[PDB]
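In: Just dropping in an experimental structure and the matching sequence.
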Amino acid sequence: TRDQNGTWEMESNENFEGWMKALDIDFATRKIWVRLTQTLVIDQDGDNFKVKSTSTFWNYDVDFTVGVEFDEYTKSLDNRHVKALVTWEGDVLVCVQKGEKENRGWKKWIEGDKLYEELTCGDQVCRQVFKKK
Ligand SMILES: *C/C=C(\C)c1ccc(-c2ccc(N(C)C)cc2)s1
(Lines give C-alpha, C1' and ligand atoms only; values in the text may rest on other atoms or scores of the structure.)
Protein backbone atom coordinates (compact mmCIF):
# COMPACT_ATOMS: atom_id res chain seq x y z
CA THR A 1 0.00 0.00 0.00
CA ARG A 2 2.02 2.92 -1.34
CA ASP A 3 -0.85 5.42 -1.62
CA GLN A 4 -0.14 8.08 1.03
CA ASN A 5 -2.35 10.82 -0.46
CA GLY A 6 -4.55 12.62 2.01
CA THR A 7 -5.02 15.16 4.75
CA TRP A 8 -3.84 13.34 7.85
CA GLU A 9 -5.01 14.27 11.36
CA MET A 10 -2.73 13.31 14.24
CA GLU A 11 -3.93 10.60 16.61
CA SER A 12 -0.76 9.80 18.56
CA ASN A 13 2.64 11.40 19.17
CA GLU A 14 5.42 9.69 21.16
CA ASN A 15 8.86 11.08 22.04
CA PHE A 16 8.42 14.20 19.92
CA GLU A 17 10.45 16.06 22.57
CA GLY A 18 13.39 13.66 22.38
CA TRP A 19 13.57 14.05 18.60
CA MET A 20 13.48 17.84 19.01
CA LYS A 21 16.26 17.71 21.60
CA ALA A 22 18.38 15.70 19.16
CA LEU A 23 17.85 18.51 16.63
CA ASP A 24 18.71 21.16 19.27
CA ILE A 25 15.43 23.06 18.89
CA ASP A 26 15.70 26.20 21.02
CA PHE A 27 14.26 25.30 24.40
CA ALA A 28 11.41 27.84 24.54
CA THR A 29 10.17 26.89 21.07
CA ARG A 30 10.61 23.20 21.91
CA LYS A 31 8.47 23.47 25.05
CA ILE A 32 5.66 25.02 23.00
CA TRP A 33 5.97 22.66 20.03
CA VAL A 34 5.73 19.54 22.20
CA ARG A 35 2.17 20.59 23.12
CA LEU A 36 0.90 20.89 19.55
CA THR A 37 -1.21 18.61 17.36
CA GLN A 38 0.29 18.02 13.92
CA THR A 39 -1.36 17.80 10.50
CA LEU A 40 0.24 16.27 7.41
CA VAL A 41 -1.01 17.02 3.89
CA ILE A 42 0.42 14.65 1.26
CA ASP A 43 -0.04 15.01 -2.50
CA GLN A 44 1.51 12.07 -4.36
CA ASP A 45 1.60 11.31 -8.09
CA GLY A 46 4.11 8.83 -9.48
CA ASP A 47 7.43 9.66 -7.87
CA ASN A 48 6.42 13.24 -7.08
CA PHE A 49 5.44 14.24 -3.55
CA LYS A 50 4.35 17.56 -2.07
CA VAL A 51 4.14 17.41 1.73
CA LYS A 52 3.02 20.00 4.29
CA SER A 53 3.52 19.56 8.04
CA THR A 54 1.65 22.14 10.09
CA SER A 55 0.48 22.97 13.57
CA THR A 56 -0.90 26.11 15.15
CA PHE A 57 2.71 27.28 15.47
CA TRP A 58 4.77 25.89 12.59
CA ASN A 59 4.73 25.55 8.81
CA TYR A 60 7.09 23.09 7.10
CA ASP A 61 6.62 22.12 3.45
CA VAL A 62 8.81 19.98 1.19
CA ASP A 63 8.53 18.72 -2.38
CA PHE A 64 10.59 15.79 -3.59
CA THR A 65 10.88 13.08 -6.23
CA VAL A 66 11.39 9.50 -5.08
CA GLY A 67 14.83 8.36 -6.11
CA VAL A 68 16.28 11.84 -6.75
CA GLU A 69 18.68 13.27 -4.18
CA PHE A 70 18.12 16.93 -3.32
CA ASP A 71 20.08 19.56 -1.47
CA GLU A 72 17.77 20.73 1.25
CA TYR A 73 17.68 23.49 3.82
CA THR A 74 15.62 22.41 6.82
CA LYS A 75 14.24 25.91 7.10
CA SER A 76 11.57 26.34 9.81
CA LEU A 77 12.65 23.21 11.73
CA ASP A 78 16.39 23.48 12.53
CA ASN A 79 17.89 25.69 9.76
CA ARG A 80 20.46 23.12 8.58
CA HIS A 81 21.77 22.01 5.19
CA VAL A 82 21.38 18.30 4.39
CA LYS A 83 21.46 16.06 1.35
CA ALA A 84 18.05 14.40 1.30
CA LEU A 85 16.94 11.24 -0.48
CA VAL A 86 13.52 9.57 -0.32
CA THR A 87 13.12 5.98 -1.54
CA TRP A 88 10.84 2.95 -1.16
CA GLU A 89 11.67 -0.04 0.99
CA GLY A 90 8.69 -2.08 -0.14
CA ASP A 91 5.82 0.19 0.87
CA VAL A 92 7.77 2.02 3.57
CA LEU A 93 8.77 5.46 2.31
CA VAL A 94 12.24 6.17 3.73
CA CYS A 95 13.92 9.56 3.88
CA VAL A 96 17.63 9.86 4.73
CA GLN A 97 19.04 13.34 5.37
CA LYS A 98 22.84 13.23 5.25
CA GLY A 99 24.56 15.99 7.18
CA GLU A 100 25.58 16.98 10.69
CA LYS A 101 23.16 14.72 12.58
CA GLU A 102 23.39 10.93 12.45
CA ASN A 103 20.46 8.60 11.64
CA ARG A 104 18.44 11.58 10.45
CA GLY A 105 15.26 11.20 8.42
CA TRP A 106 11.96 9.38 8.66
CA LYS A 107 10.02 6.27 7.70
CA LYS A 108 6.36 6.45 6.69
CA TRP A 109 3.81 3.75 5.86
CA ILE A 110 0.07 3.05 5.66
CA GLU A 111 -2.01 0.74 7.87
CA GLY A 112 -5.57 0.69 6.57
CA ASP A 113 -6.93 4.22 6.94
CA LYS A 114 -3.98 5.29 9.12
CA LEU A 115 -0.57 6.77 8.38
CA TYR A 116 2.31 5.73 10.65
CA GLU A 117 5.66 7.43 10.76
CA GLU A 118 8.94 7.45 12.65
CA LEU A 119 11.04 10.61 12.83
CA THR A 120 14.67 9.82 13.63
CA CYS A 121 17.70 11.84 14.62
CA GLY A 122 20.71 10.77 16.65
CA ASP A 123 19.63 8.03 19.03
CA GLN A 124 16.05 9.35 19.21
CA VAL A 125 12.92 8.01 17.49
CA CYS A 126 9.57 9.83 17.54
CA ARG A 127 6.57 7.67 16.63
CA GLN A 128 3.39 9.19 15.20
CA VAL A 129 0.03 7.91 13.97
CA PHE A 130 -2.48 9.86 11.87
CA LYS A 131 -5.96 9.09 10.59
CA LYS A 132 -7.13 9.94 7.08
CA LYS A 133 -9.62 12.79 7.29
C1 LIG B 1 6.68 12.79 4.70
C2 LIG B 1 6.81 13.38 6.09
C3 LIG B 1 7.47 14.57 6.25
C4 LIG B 1 8.03 15.35 5.07
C5 LIG B 1 7.54 15.17 7.62
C6 LIG B 1 7.12 14.53 8.81
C7 LIG B 1 7.25 15.40 9.95
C8 LIG B 1 7.78 16.67 9.63
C9 LIG B 1 7.98 17.83 10.58
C10 LIG B 1 7.54 17.73 11.90
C11 LIG B 1 7.68 18.84 12.73
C12 LIG B 1 8.23 20.02 12.23
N13 LIG B 1 8.38 21.16 13.07
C14 LIG B 1 8.74 22.42 12.50
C15 LIG B 1 8.15 21.03 14.49
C16 LIG B 1 8.64 20.11 10.90
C17 LIG B 1 8.50 19.01 10.07
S18 LIG B 1 8.05 16.75 7.97
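Out: Arrived safely. Residues are numbered from 1 along each chain as shown.

In: Endpoint to endpoint, stretch 95-111 covers what distance?
Out: Chord length of stretch 95-111, first to last residue, is 19 Å (Cα to Cα, to the nearest Å).

In: which residues does residue 97 form a beta bridge with?
Out: For residue 97, the beta-bridge partners are residue 84 (DSSP bridges).

In: residues in contact with residue 81?
Out: When contacts are counted by Cβ atoms under 8 Å, 6 or more residues apart in numbering, residue 81 touches 71, 72, 73, 74, 99. Where C-beta positions appear, they are placed from N, C-alpha and C, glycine not excepted.

In: contacting residues for the first one?
Out: Contacts for residue 71 were tallied using Cβ under 8 Å, 6+ apart; they are 81, 82, 83, 84.

In: Quick check: the third one touching residue 99?
Out: Just to be clear, that refers to residue 83. Yes - using Cβ atoms under 8 Å, residue 83 makes contact with residue 99 at a distance of 6.7 Å.

In: Mind putting the contacts of residue 81 into CSV with distance to residue 112 and secondary structure?
Out: Listed next are these as CSV, based on distance: Cβ to Cβ, whole Å; DSSP: H, G, I helix; E, B strand; the rest coil:
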residue, distance to residue 112, secondary structure
71, 35, strand
72, 31, strand
73, 35, strand
74, 31, coil
99, 34, coil
